[PDB]
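This document opens with one chain alone, in structure tokens, the form solved without ligand ATP.
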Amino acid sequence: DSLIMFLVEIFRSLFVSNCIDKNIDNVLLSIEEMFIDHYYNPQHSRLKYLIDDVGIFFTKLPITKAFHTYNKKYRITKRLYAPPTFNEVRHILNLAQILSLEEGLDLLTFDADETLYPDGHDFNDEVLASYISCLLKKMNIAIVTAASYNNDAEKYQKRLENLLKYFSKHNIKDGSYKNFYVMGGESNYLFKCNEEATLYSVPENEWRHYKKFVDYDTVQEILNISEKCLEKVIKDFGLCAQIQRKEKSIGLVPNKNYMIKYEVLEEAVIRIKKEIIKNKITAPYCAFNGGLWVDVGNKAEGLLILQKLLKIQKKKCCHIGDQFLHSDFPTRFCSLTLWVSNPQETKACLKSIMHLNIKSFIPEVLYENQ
């Protein structure tokens, strides 16, 4: 809600000034030169001054070609009473990031909790599985999830079986199955795929040196502080819920199920962080309300581990998620992040990613089949 709101008001002022359908190249190219200036000198840039929480530009964002591409198809400037909206600027920034990938991509990462199964149940989309299939032939595919199953690959495969079903038919002969990765526990458990389209655990020895270290005792007392507070949350609000503890995660689960108020869940999240602050713990963790789980580790550092493990340059990486569902350390600080809000947008970006170096193909981020 920083860079998007930045352009939204700019377009709102061009709208009410009655010039947004005319030649706004002078305004667009000044913003683009701002973005190019920020890409070269990201510290003490002019964009940094206006938007202090702005990330790092790993690419040169062609925001002028992104607006012209979106406006030629959807004619948002021909609307007399409806200015450009939050979602249209978001589509334009997704359009600019895809257009900036002239070199191509070697690693494409997904947020499964938001992109592959936002419903909360196993993968289920053949067309989406087909896009991931053909993209796996050209690049590495990694999937990041907050599921807490420790290191048993059968539980993670249960959620992605419909996706691994498609790998069985087309992704075994050419050896592309070797490049598919799964990071469980946000950033603590890694899995790969074999010839039989089955997930197997990658031992820590093969990738532990790519993850920043956190003390075992530090991990535990994070869960200890989280445990006592949830116990008080149960007694304070008379909840019919139970605490489920794992090696690096602890959760507030309702008994089979019972409904916990969304506000009480948010209240519990604010008691946890505030308590961890009072004990002067500096280790990164992720207290998450799903409509509660406290994982030691976040999905952003999990994207970092995968970039080091595969030895990929920041330019050739792109992450796909839905920032509506979390409001968190932004994953945009570690990779190029597309923001998709429904499956039709996800299949639109994946189709344009399949045609990156092709000039005849126009980038689309909203309608897969239009």
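For every residue, the number given is its place in the sequence shown, counted from 1.
From this point on, the text means the form deposited with ligand ATP bound, which you will not see here.
Trainee: Using a 2.4 Å cut-off to backbone and C-beta atoms, with three or more ligand atoms needed to call it blocked: open or blocked for ligand ATP placed in the deposited complex and overlaid on this form?
Mentor: Pocket blocked on this form.
Trainee: If contact means any heavy atom within 4.5 Å, which of 265-273, 69-77, 167-175, 153-161 contacts ligand ATP in the deposited complex?
Mentor: Going by heavy atoms within 4.5 Å, the stretch is 69-77.
Trainee: With ligand ATP left out of view, which of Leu306, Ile63, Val340, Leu336 would have a heavy atom within 4.5 Å of it in the deposited complex?
Mentor: By the 4.5 Å criterion, the partner-contacting residue is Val340.
Trainee: Which pick from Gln344, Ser30, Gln313, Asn41 sits with a heavy atom within 4.5 Å of ligand ATP in the deposited complex?
Mentor: Residue within 4.5 Å of the partner: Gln344.
Trainee: Is there a heavy atom of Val144 lying 4.5 Å or less from a heavy atom of ligand ATP in the deposited complex?
Mentor: Judged by the heavy-atom cut-off of 4.5 Å, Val144 is well away from ligand ATP in the deposited complex.
Trainee: Taking any heavy atom pair closer than or equal to 4.5 Å as contact, tell me whether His91 reaches ligand ATP in the deposited complex.
Mentor: Yes, contact at 4.5 Å.
Trainee: Do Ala348 and ligand ATP share at least one heavy atom pair within 4.5 Å in the deposited complex?
Mentor: Result yes; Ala348 sits at the interface with ligand ATP in the deposited complex.
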